[PDB]
Amino acid sequence: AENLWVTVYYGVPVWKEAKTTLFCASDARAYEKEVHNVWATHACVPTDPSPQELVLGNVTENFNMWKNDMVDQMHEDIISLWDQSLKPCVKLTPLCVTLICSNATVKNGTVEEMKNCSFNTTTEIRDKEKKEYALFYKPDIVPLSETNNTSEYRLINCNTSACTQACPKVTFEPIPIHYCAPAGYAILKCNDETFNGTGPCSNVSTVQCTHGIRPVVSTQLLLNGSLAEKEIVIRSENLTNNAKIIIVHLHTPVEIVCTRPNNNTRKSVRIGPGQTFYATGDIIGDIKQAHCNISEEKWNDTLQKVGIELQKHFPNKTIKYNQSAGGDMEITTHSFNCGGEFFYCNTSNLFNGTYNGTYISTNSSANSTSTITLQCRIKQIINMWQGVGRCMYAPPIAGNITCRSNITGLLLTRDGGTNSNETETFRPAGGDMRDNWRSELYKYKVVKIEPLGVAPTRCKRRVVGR
Amino acid sequence: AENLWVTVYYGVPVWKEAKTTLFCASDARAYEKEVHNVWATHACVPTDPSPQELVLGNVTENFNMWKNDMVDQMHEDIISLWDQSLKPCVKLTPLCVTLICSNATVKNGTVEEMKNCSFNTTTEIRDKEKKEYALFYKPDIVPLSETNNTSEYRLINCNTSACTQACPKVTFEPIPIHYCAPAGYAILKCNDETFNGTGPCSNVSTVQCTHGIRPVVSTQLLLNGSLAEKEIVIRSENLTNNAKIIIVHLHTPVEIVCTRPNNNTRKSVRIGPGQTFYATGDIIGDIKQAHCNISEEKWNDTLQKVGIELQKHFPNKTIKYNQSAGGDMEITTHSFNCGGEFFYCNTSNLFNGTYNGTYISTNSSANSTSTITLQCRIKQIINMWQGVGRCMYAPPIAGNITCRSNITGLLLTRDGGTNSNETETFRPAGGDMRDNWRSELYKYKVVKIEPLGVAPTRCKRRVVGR
Amino acid sequence: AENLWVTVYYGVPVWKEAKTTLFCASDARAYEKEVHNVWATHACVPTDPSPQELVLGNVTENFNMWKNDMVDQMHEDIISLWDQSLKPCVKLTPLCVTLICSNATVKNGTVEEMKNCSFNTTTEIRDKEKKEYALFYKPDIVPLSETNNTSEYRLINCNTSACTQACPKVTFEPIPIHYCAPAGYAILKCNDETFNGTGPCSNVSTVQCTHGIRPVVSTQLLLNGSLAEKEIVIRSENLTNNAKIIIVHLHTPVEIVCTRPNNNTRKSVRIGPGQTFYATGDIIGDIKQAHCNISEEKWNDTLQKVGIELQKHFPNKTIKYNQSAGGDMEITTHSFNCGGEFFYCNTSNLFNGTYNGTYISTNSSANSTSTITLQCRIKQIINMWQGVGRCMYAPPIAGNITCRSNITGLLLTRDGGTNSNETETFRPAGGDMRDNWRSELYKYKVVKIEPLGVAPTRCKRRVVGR
Amino acid sequence: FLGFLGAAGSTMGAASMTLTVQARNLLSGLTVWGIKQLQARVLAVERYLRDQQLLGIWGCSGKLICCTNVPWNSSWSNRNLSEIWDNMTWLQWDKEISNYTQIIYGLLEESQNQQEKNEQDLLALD
Amino acid sequence: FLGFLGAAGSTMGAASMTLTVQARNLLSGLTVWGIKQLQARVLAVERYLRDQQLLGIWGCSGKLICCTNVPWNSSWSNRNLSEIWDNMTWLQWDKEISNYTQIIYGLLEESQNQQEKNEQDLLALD
Amino acid sequence: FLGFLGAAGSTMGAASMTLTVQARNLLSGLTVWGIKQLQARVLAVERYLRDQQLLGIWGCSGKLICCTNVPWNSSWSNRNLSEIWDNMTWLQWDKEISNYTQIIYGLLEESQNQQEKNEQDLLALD
Ligand SMILES: *[C@@H]1O[C@H](CO)[C@@H](O[C@@H]2O[C@H](CO)[C@@H](O[C@@H]3O[C@H](CO[C@H]4O[C@H](CO)[C@@H](O)[C@H](O)[C@@H]4O)[C@@H](O)[C@H](O[C@H]4O[C@H](CO)[C@@H](O)[C@H](O)[C@@H]4O)[C@@H]3O)[C@H](O)[C@H]2NC(C)=O)[C@H](O)[C@H]1NC(C)=O
Ligand SMILES: *[C@@H]1O[C@H](CO)[C@@H](O[C@@H]2O[C@H](CO)[C@@H](O[C@@H]3O[C@H](CO)[C@@H](O)[C@H](O)[C@@H]3O)[C@H](O)[C@H]2NC(C)=O)[C@H](O)[C@H]1NC(C)=O
Ligand SMILES: *[C@@H]1O[C@H](CO)[C@@H](O[C@@H]2O[C@H](CO)[C@@H](O[C@@H]3O[C@H](CO)[C@@H](O)[C@H](O)[C@@H]3O)[C@H](O)[C@H]2NC(C)=O)[C@H](O)[C@H]1NC(C)=O
Ligand SMILES: *[C@@H]1O[C@H](CO)[C@@H](O[C@@H]2O[C@H](CO)[C@@H](O[C@@H]3O[C@H](CO)[C@@H](O)[C@H](O)[C@@H]3O)[C@H](O)[C@H]2NC(C)=O)[C@H](O)[C@H]1NC(C)=O
Ligand SMILES: *[C@@H]1O[C@H](CO)[C@@H](O[C@@H]2O[C@H](CO)[C@@H](O[C@@H]3O[C@H](CO)[C@@H](O)[C@H](O)[C@@H]3O)[C@H](O)[C@H]2NC(C)=O)[C@H](O)[C@H]1NC(C)=O
Ligand SMILES: *[C@@H]1O[C@H](CO)[C@@H](O[C@@H]2O[C@H](CO)[C@@H](O[C@@H]3O[C@H](CO)[C@@H](O)[C@H](O)[C@@H]3O)[C@H](O)[C@H]2NC(C)=O)[C@H](O)[C@H]1NC(C)=O
Ligand SMILES: *[C@@H]1O[C@H](CO)[C@@H](O)[C@H](O)[C@H]1NC(C)=O
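Quick notes on the rules
- Residues numbered from 1 in each chain as written, not as in the entry; some residues may be left out.
- Chains lettered and ligands numbered in written order.
- Part of a larger assembly, values for the part shown.
- Heavy atoms only, no water.
- UniProt positions renumbered as here; feature names shortened; annotations may be inferred.
- Contact = heavy atoms within 4.5 Å.
- Helix = DSSP H or I, 4+ residues; strand = E, 2+ residues; numbered from the N terminus.
- Least-squares fit on C-alpha atoms.
- Buried area = accessible area lost by both parts, 1.4 Å probe.
- Salt bridge = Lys/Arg side-chain N within 4 Å of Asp/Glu carboxyl O.
- Polar contact = N/O pair within 3.5 Å; in protein donor to acceptor, adjacent residues only side chain to side chain.
- Nonpolar A, V, L, I, M, F, W, Y, C, P; charged D, E, K, R; others polar.
- Axes fitted to C-alpha atoms, helices over the stretch in contact; angles between N-to-C directions.
- Parallel < 35°, antiparallel > 145°, perpendicular 65-115°, else oblique.
- Left-handed = near helix turned anticlockwise from the far one by under 90°.
- Pairing = 2+ DSSP bridges.
- Domains from an automatic or database assignment.
- Near = heavy atom within 4 Å.
- Areas by Shrake-Rupley, 256 points an atom, 1.4 Å probe, with all protein chains shown as cover.
- Core = buried A, V, L, I, M, F, W, Y, C linked by side-chain atoms within 4.5 Å.
- Buried < 20%, exposed > 50% of the residue type's maximum accessible area, 1.4 Å probe, protein only.
- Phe/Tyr/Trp six-rings, centres within 6.5 Å; stacked < 30°, edge-to-face > 60°.
- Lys NZ or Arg CZ within 6 Å of the ring centre and 35° of its normal.

cryo-EM is the method the PDB entry lists for this structure, together with a resolution of 4.7 Å.

In the annotation of the PDB entry, chain D is listed under the name Env polyprotein and assigned to Simian-Human immunodeficiency virus. As deposited in the PDB, this entry carries the title "Cryo-EM structure of DH898.1 Fab-dimer bound near the CD4 binding site of HIV-1 Env CH848 SOSIP trimer".

In the nomenclature of the PDB entry, chain A is known as CH848 SOSIP gp120 of Human immunodeficiency virus 1. As recorded by UniProt, the Sequence similarities (unreviewed entry) comment attached to chain A reads in full: "Belongs to the HIV-1 env protein family."

Enquirer: Any chance you could explain the arrangement of the chains here in plain terms?
Expert: Across the gap from chain C to chain D, with no contact made, the nearest C-alpha atoms are 11 Å apart. Nothing in chain A touches chain F, and the closest approach of their C-alpha atoms is 10 Å.

Enquirer: Whenever I open this one, the environment of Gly57(C) confuses me. Can you help?
Expert: Take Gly57(C): it is sitting in the loop between β4 (54–55) and β5 (61–64). Measuring from C-alpha to C-alpha, the distance between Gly57(C) and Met384(C) comes to 44 Å, with 327 residues separating the pair along the chain.

Enquirer: Mind showing me how you'd approach the relation of the copies chain A and chain B here?
Expert: The operation relating the pair of chain copies consists of a rotation about an axis and a translation along that axis. Between chain A and chain B, the superposition needs a rotation of 121° and an axial shift of 0.1 Å, giving an RMSD of 1.0 Å. The symmetry that links the two subunits is that of a three-fold axis. It is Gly465(A) whose C-alpha, among those of chain A, lies nearest the rotation axis, at 5.8 Å.

Enquirer: Honestly, the interface of chain A and chain B in this entry has me stumped. Any pointers?
Expert: It is common to report an interface's size as the accessible area lost on association of the parts. Chain A puts eight residues into the contact, and the matching count from chain B is 15 residues. For the pair chain A and chain B, the summed buried surface comes to about 850 Å²; carbon and sulfur atoms form 54% of the total. Together, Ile125(A), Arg126(A) and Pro273(A) form the three largest contributors to the area buried by chain A at its contact with chain B, with a combined 61%. Inspection of the region where chain A meets chain B yields one salt bridge. Note that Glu129(B) is salt-bridged to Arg126(A), the shortest N-O span being 2.8 Å. At the boundary of chain A with chain B, the tally comes to four residue pairs in polar contact. Residue composition of the side of chain A that touches chain B, grouped by class: two nonpolar, one polar and five charged.

Enquirer: Sorry, what's going on with the packing of helix α1 (residues 70–86) of chain B against helix α4 (residues 433–441) of chain B here?
Expert: Two packed helices can be described by the angle between their axes and the distance between those axes. Residues and elements named next belong to chain B. Put simply, α1 and α4 touch, their axes get as near as 9 Å, and they point 125° apart. The orientation of α1 with respect to α4, classified from their angle, is oblique. Between α1 and α4 lies a crossing whose hand is right-handed. Between α1 and α4, the contacting residues are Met 70, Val 71, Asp 72, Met 74, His 75, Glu 76 and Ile 78 on the first element and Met 433, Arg 434, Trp 437, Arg 438 and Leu 441 on the second. The residue inventory of the contact of α1 with α4, partitioned by class, reads seven nonpolar, one polar and four charged.

Enquirer: What is the right way to read the sheet that holds strand β1 (residues 5–9) of chain B from this model?
Expert: Within a sheet, adjacent strands bond to each other through the backbone by hydrogen bonds, running parallel or antiparallel. Spatial strand order, β31(B)-β1(B)-β1(D): three strands in an open sheet with antiparallel pairing. If you trace the sheet from one side to the other, it starts and ends with β31 (453–457) of chain B together with β1 (65–71) of chain D, each paired once. For this sheet, the mean inter-axis angle between neighbouring strands, taken without regard to orientation, is 35°. Sheet analysis places β1(B) next to β1(D), joined by four bridges and oriented antiparallel. Bridge pairing in β1(D) links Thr7(B) to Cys67(D). The sheet strands contacting helix α5 (residues 90–97) of chain D are β1 and β31 of chain B, and the helix crosses β31(B) at an angle near 90°.

Enquirer: Help me understand the domain arrangement of chain A in this model?
Expert: Domain assignment breaks chain A into domain 1 (1–88 + 170–215 + 433–466), domain 2 (93–165) and domain 3 (220–278 + 287–430). A separation of 49 Å is found between the C-alpha centroids of domain 1 of chain A and domain 2 of chain A.

Enquirer: Help me understand the site of ligand 6, please; the structure alone is not making it clear to me.
Expert: All names here are of chain C. As a structural note, the neighbourhood of ligand 6 is formed by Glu 296, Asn 300, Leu 303, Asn 352, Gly 353, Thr 354, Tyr 355, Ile 360 and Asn 363. Here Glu 296 contributes a side-chain N or O atom positioned 3.4 Å from an oxygen atom of ligand 6. The contact in question runs from an oxygen atom of ligand 6 to an N or O atom on the backbone of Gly 353, over 2.6 Å. Protein burial of ligand 6: of its 780 Å² of free accessible surface, 42% is covered by the chains.

Enquirer: Honestly, the site of ligand 1 in this entry has me stumped. Any pointers?
Expert: Residues and elements named next belong to chain C. Around ligand 1 lies a shell formed by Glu 173, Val 216, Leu 223, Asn 224, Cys 403, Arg 404 and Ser 405. At a separation of 2.8 Å, an oxygen atom of ligand 1 approaches a polar backbone atom of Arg 404. Here ligand 1, which alone exposes 1100 Å², has 27% of that area covered by the protein. Across the shell around ligand 1, the residue classes tally to three nonpolar, two polar and two charged.

Enquirer: Explain the nonpolar core here, please?
Expert: One recurring pattern in soluble globular proteins is that nonpolar side chains are buried together. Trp15(B), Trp90(D), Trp93(D), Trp93(E), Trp90(F) and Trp93(F) are the most contacted members of the largest nonpolar core, which totals 152 residues. Excluding anything up to four places from it in sequence, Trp93(E) contacts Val454(A), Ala455(A), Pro456(A), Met12(E), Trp72(E), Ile84(E) and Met88(E). Of all hydrophobic cores here, the second largest spans 45 residues; its members include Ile256(A), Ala290(A), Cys345(A) and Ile372(A).

Enquirer: Looking at this structure, how should I read the pattern of salt bridges?
Expert: Side chains that differ in charge, positive against negative, can pair when their charged atoms come close. Under the criterion given, the structure shown has 98 salt bridges over all chains. For the salt bridge of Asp72(A) with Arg434(A), the shortest nitrogen-to-oxygen distance reads 2.8 Å. Remark: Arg434(A) occurs in helix α5 (residues 433–441) and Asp72(A) occurs in helix α1 (residues 70–86); sequence separation between them is 362 residues. By relative accessible area, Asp72(A) is classed as partly exposed at 30%. A relative accessible area of 17% places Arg434(A) in the buried class. Between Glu330(C) and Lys379(C) there is a salt bridge; the shortest N-O distance is 2.8 Å. Of this pair, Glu330(C) sits in helix α3 (residues 329–332) while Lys379(C) is found in the loop between β26 (371–378) and β27 (381–385), placing the two residues 49 residues apart along the sequence. When salt bridges that share partners are traced, they join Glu17(A), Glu61(A) and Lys445(A) into one network.

Enquirer: Would you mind showing me how to read the packing of aromatic side chains here?
Expert: Given two aromatic rings, their pairing is described by the distance between the two centres and the angle made by the two planes. Overall, the coordinates contain 45 aromatic pairs over all chains when judged by the stated rule. Considering the side-chain rings of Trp58(F) and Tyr105(F), the 5.4 Å spacing of their centres and the 50° angle between planes classify their relative orientation as tilted. Of the two residues, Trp58(F) is situated in the loop between α3 (34–57) and β1 (65–71) and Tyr105(F) in helix α6 (residues 103–125); the sequence distance between them amounts to 47 residues. Judged by its relative accessible area of 22%, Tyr105(F) is partly exposed. Ring geometry for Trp85(F) against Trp90(F): centres 5.8 Å apart, planes inclined by 90°, an arrangement best described as edge-to-face. In terms of burial, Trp85(F) and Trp90(F) fall into one category: buried. Through pairs of rings, three or more aromatic residues link up here, namely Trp39(A), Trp82(A), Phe172(A) and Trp385(A). In this structure, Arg266(A) packs its charged tip against the face of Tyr278(A), placed 3.9 Å from the ring centre. One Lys or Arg, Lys267(A), reaches over the ring of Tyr133(A) and ends 4.6 Å from the middle of that ring.

Enquirer: Please clarify how the interface of chain B and chain D should be interpreted in this entry.
Expert: On the side of chain D, 54 residues touch chain B, which itself brings 48 residues to the contact. Buried area between chain B and chain D, summed over both chains or domains, comes out near 5000 Å², and the portion from carbon and sulfur atoms is 69%. The largest per-residue losses of area from chain B upon contact with chain D belong to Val6(B), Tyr10(B) and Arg462(B), which jointly make up 18% of the total buried on that side. Where chain B packs against chain D, one counts two salt bridges. At the junction of chain B with chain D, the criterion picks out 21 residue pairs in polar contact. Going through the elements one at a time, β1, β2 (15–17), α1, β13 (185–189), β30 (444–449) and β31 of chain B are the ones with two or more residues in the side of chain B that touches chain D. Here the residues of the side of chain B that touches chain D are counted per class, giving 31 nonpolar, 11 polar and six charged.

As structure tokens, then:
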């Protein structure tokens, strides 16, 4: 026929995989009220993006959730907004005086994970102090730095670092967030369910935006998120090594209930030139330990079905389920925010009762039964992001604190390896908020469009003046 | 002949109603004068614009001074400049001690608008104080929570908020600002005498920039606002509703004169390390009440014409002027600032004694006469924006303050409906500096250009090779 | 020939000199290490440039080393970066207290430019201040406000301003700095090498980036900078005015060493929450003094080569190199930033010994000789930018504090003019960090490209259809 | 400078002689007011580039009056050539023609200029 | 909207029908976040102009599909033309043609279109 | 790479070949320092587009060379053509032609190219 000819095409469909910044898009309805939402502040674009998709067909590419740097980006975005959210607000510093301490003397009784303490502050007038008292959890208030007197205490943190009381307006709702990319990138969904965290995703879509991710903070359990309607999907960067973290998607939402059966009146002290510190006062006669609830067969039969995946990913052996083996309450309990206070629950009791994960098929199925009930610590001084970001005091909330969630997945490790001969254990794991992000983001990837391409074709020429 | 053909005209003259941020165009010489400058700011641009205006002719469209958003744009711009223009400056906090107040005993008399008060501060050395004293005008200083002795007093603010002294360089001269618009927008003016705030304007110009606006802040009397066109005009969002403000320009201006003649001595204390501060020290004695003056002749003969114009919306019936509706002196005074010194002048002496506006044509000429005098309070703690913005502290200026202005318009309401038979009566309003901005901005609006326009013509197309 | 026609050409090689911002182009490697680095923070540009120099040929234009506003660019940038770098760090405000002062009892002797003091500070607990002590370099420590007790002192700055202890990550590490230009601008390098900084440079290159500057603020010496091209060149804005600065660039380096020959030990105090101060603790016992070194040979031989050329500007008149014009040691000594242990050395020994600046050619040959040794002050509080910026406190460093540099040039003046009959004098100088800047930047200038042009040519027409 | 917007109220005929004058005006010019000032110019530049692309899409690149091959419809307007061009301003004509915004635009994008580019591709294929 | 790369899984022949829609969306819309938000759009604008300029440099301004006058080198490839157009995707083809990046480009710029422009220059002097 | 500015010391004729090289350089590159960078970049981009628009207004879009339809004036220059192309540099010629900046440019807009575009519209009207 002829020589082939170079021909230029613009807006051609091809891409490469690459790093970038992204937009925080939001549901638009928040910043009517929620200027300084602690995560997704009013700095996120009020949008509610239309959730448009094309499952491509004939596409062929590998995904790797553990390498999607959006995980890290999100972890940065979170911590950035955290430090933004606390900046306007008042330090504990003037309240770092010697504390003289006693009991939570209420209804002819006492609250044993708490203390009462007495202290002085200035009024608005510098030369004028008076005297006042309040209650605190024992993790908040440490016996004083010198052993002179059992009744003497201090703030836990103040020998290291000042921390702020959050301003009351600044809002802790973990609202739905949309990630959306700027022009010349696009987001690719791995729609290929049974994608096991790495491999060829045979089935991929373009999308302009993600679903509404919630930034729920947690320590061992995954909440309110990635329901794997396929399977109780078990994942890791390498399940074959116990040094790695393990993700489990539940196949179904599993409810949890949690209560403070302990009913504070918020004591409110004017400190310095017009600032109020908020604290524990008297307690209305609901006065018992905080706790949480799930039904036994719900928990059990899930852990059994988990065991089926574990003896699919491992050859047949007796895996067992057991407590988080060490660290502080932060590591070893499950911890939550109950839409106000912070909770620290007995998941070490919850991880028990177990035969070989699969071979609990010796039961397989049963009628429904009572709640497994887990006791919980509460406390108000927090080094939030595992010591990363500003340390904070959470102001207390009066009245009828009680809350509910769904377990939607889990964070685990296997145990330490003995001879492991036909036998193993697995345990709930402390991890990173990155692991919540991995569990919520695996099905997304970000790519760079290159619109340029050249091809042979027999445009016989563009002869001069043609 | 033939059908018409779709053709593209770029660059078509057309516009749409729109909203946008705008340039802060300024006098260029102010940028030489102070390190920051309070307006004409280091954040604004010394573009120092040429007054380009083009009368269009034939075209007409609506203006609406109530709905024009720039009122609010400027309101935010001003307050936004305010906080940043104060933020580094010295704080009252260490000064907030118990005050030992006493009489302002001076040269066979007293300074009866004031107290003399004694107090202490930290030296630069944190471990030392001594005793120090200053005078203050009464409003800032309030008795202690109990008078265990009557000399016990405090500053008004500390039970609410800290306050800052102005860095002395930040001198409050309202230096003219020109507003101007970025490319793809344009500014339209209603160059039309007796345009009355709403409806179509018969004659329109385009400008790149506004006349220079002086951002004076005042409660009841417009000072140094522009000279109105031809005859007195009434503007309101609703003429008929007495509960909606009536704003009135004078046509010709009227002069107003003020002084604190009292020869105030500047004094300082080094309130801790790393600051410097100012307060009223001694008085050289000839002490008078702080005051302002206006000639009856001009003032009355103005109110006459204004009454007559009101009668042209209120037929036959008698119209009168009356004292403020009362409450806070923040509402009842004409409050204004010159040289940085604050003033709070009473208007109850001014707004009185009115025959029917049409009958007041009986006055209308005389030989000249003495001034009315308006009585003025002083205060140095301020809550700038009618109670919003920071708490702000005004340093006393050296000795003689004398300053002058032109009255050019009023904020009014008609009073509640009595029998009202042949009668109506009016008072100075509470106002908003939004409306001081409306008093200027009424004859502007902003629009966006959409430079495409599809059209017919008998173009014989662009067939292949054409 | 033929008629001539307007013809448009784009991307024409033509330009003009103009002012602009420029890029903080730098080595990347330090940003891994040094968040808020004193120069080129982790936020500067990891360019680590490729030096694509090209002499254009037939290229001839006037440079002016005194008028390139990059001199000011570097001045404003480094100063702005300095305060920006120090805002994160430790405010010494609560350490501003009465000092009770006494012997630096080192080796059972005394370190005579140092003293000992005891004072009190807040522990973490507000009500609990306690006693402690520190050593200081004497100069920053002033007898207390009334000298009733000869043991009582304060910190020098307390009465004027607060001061900042620097953070460890705020590294005073002079890593190489480059400037590079945004597109539509380019940097023309003077390659008429041995050109002396004003007049036409007849040999000029494009460079996309400059050589690596080192920003150390050497006060009369020039240190670790550029050598001269071949001659030991003198540059000055007007050689005939003795009131200008004079710059010498050396073609051959001369080495120098500096040391604190005394073994400091670090000590610290928990001043309230967070802020841990650094004091000097003990010195491991020897009572030498901090000093720097240079051999008479190198110095004299340099000064001779200089004095030959200088007396060819100033015909034969016997130049004498001489001690300071006088003023504060903080102006008139030589200063350096080695280890941040800021030195203040005896310049007064060194500029001496001089017969006729030319006729020292009568000497011009000797055997080797030992170093002249300049004793120095060390001190801890600095007002860095010769009177502007924050007050900085330098942490003491434990141990060896010893370092080496190359002398690369001098800043001088001629002395005050007597009849000067075959006679002259010269003295060290230290006017501005701009002088250190001038000593490098003399061989760059910045142009903006203006790529549009038109010409006559025989382009008969772009006729319709052609 | 013949006056930016300086023929708006006139005839279409009049306005058509001025287009460059307006077209050039579309595109020119301790604190963070700089964000405000930058944000405005990024808006202006971004906008301008949208419409240059739309001229690219309709193949009206590099001109300011540009013909096509698409016929008119009486539903778009019955008013004759003079009853627009001699009779009114663009400020009116846009408010008249607004119904066929998007319509004419997409009708051009594919069915005009892509169709011209289909025909031109088949011409380039020789 | 057809979606970005709405025919990726389709032949290069098929893809040529879709280009206008994919091209349109290369350009779209107390905290420092304003920096990040602007920086993204500025980066988007920058890529768009680099492309336009390059297409102008090749004498391929305007048209989304531009014929050239550069004949092929069999080293780039020598497979049959229907394999390329009628069978493989762009998402394949790119991985093959990427070798000859720059090689093809410099030719299009200079010894093609600048030489075509030198010829046009000399032809305009006539 | 011939280098940026790589022919400035040459005659205008000699240098005029280089354009694509020079053109390709026209557009590339807990803190506020992002401000300095955006405030540079969003100057540069706009500067470029102002010129592209001007080349649009004269009917010279895309191409790095463009002839006009207007003859010369002795007031613009009266010297021999070899002084211009075969001798002087562009940086040298600039010193002369600087005079008729605005003068030639407005002529290129209106009385040249808008008159060409009137003729073209009249020929399109036909
Ligand atoms: C003119 O130019 C000279 C170089 O030609 C400069 O002199 C050098 O300056 C550097 C700092 O810029 C000095 O660095 C310091 O050296 C100490 C000794 O390091 C050696 O020994 C240790 C073990 O003792 C080894 O681990 C190391 O690899 C070396 O072999 C270090 O103890 C110092 O550590 C401190 O700084 C580093 C960062 O540099 C931190 O990471 C550490 O935590 C710690 O805080 C430091 O590295 C170097 O010694 C100097 N050399 C000489 C010969 O003087 C001049 O400063 C320069 N002058 C001017 C005016 O610009
Ligand atoms: C989560 O688990 C830990 C570990 O079990 C809980 O703490 C306490 O740990 C000990 C083992 O070190 C448990 O066993 C023994 O109990 C008997 C009770 O008579 C006692 O005599 C032994 O000395 C030993 O303590 C103990 O039961 C367990 N306590 C509880 C209440 O579980 C931890 O409390 C768990 N988390 C929460 C929030 O409860
Ligand atoms: C505005 O004018 C009024 C009226 O002159 C000033 O205040 C006081 O107003 C009341 C009526 O509202 C006057 O009547 C009564 O006087 C007796 C006096 O013994 C008193 O016991 C009553 O409580 C009542 O006040 C009063 O005479 C009058 N005072 C004066 C000095 O005129 C008012 O001060 C003016 N407004 C401002 C802001 O100053
Ligand atoms: C301008 O100043 C004059 C005074 O110089 C004001 O004149 C007003 O004139 C009328 C009569 O022409 C006076 O009316 C009288 O009022 C009393 C009380 O209601 C009544 O008992 C009498 O029978 C008679 O109606 C009015 O009092 C008088 N006002 C004064 C202050 O003298 C004129 O109204 C002033 N203009 C303005 C703008 O108010
Ligand atoms: C840098 O220079 C100053 C000024 O020369 C040094 O201070 C001392 O200044 C005096 C003149 O004001 C010098 O001259 C005389 O020395 C003899 C020595 O016996 C003495 O009897 C006189 O009373 C007078 O001091 C003196 O030599 C000079 N001292 C030194 C050590 O140079 C200043 O000390 C020099 N900088 C440094 C860090 O040493
Ligand atoms: C470099 O070092 C040499 C010494 O190593 C300095 O030599 C200077 O040499 C001249 C003679 O060539 C000496 O001048 C004579 O001094 C005597 C005694 O004051 C006087 O009576 C004679 O009339 C004659 O002027 C000069 O004193 C001598 N200087 C010294 C301090 O030794 C040379 O000055 C040094 N150059 C520099 C840059 O320091
Ligand atoms: C005008 O051109 C002449 C001749 O080349 C030149 O000397 C002069 O500098 C130019 N002046 C202006 C204002 O462009």
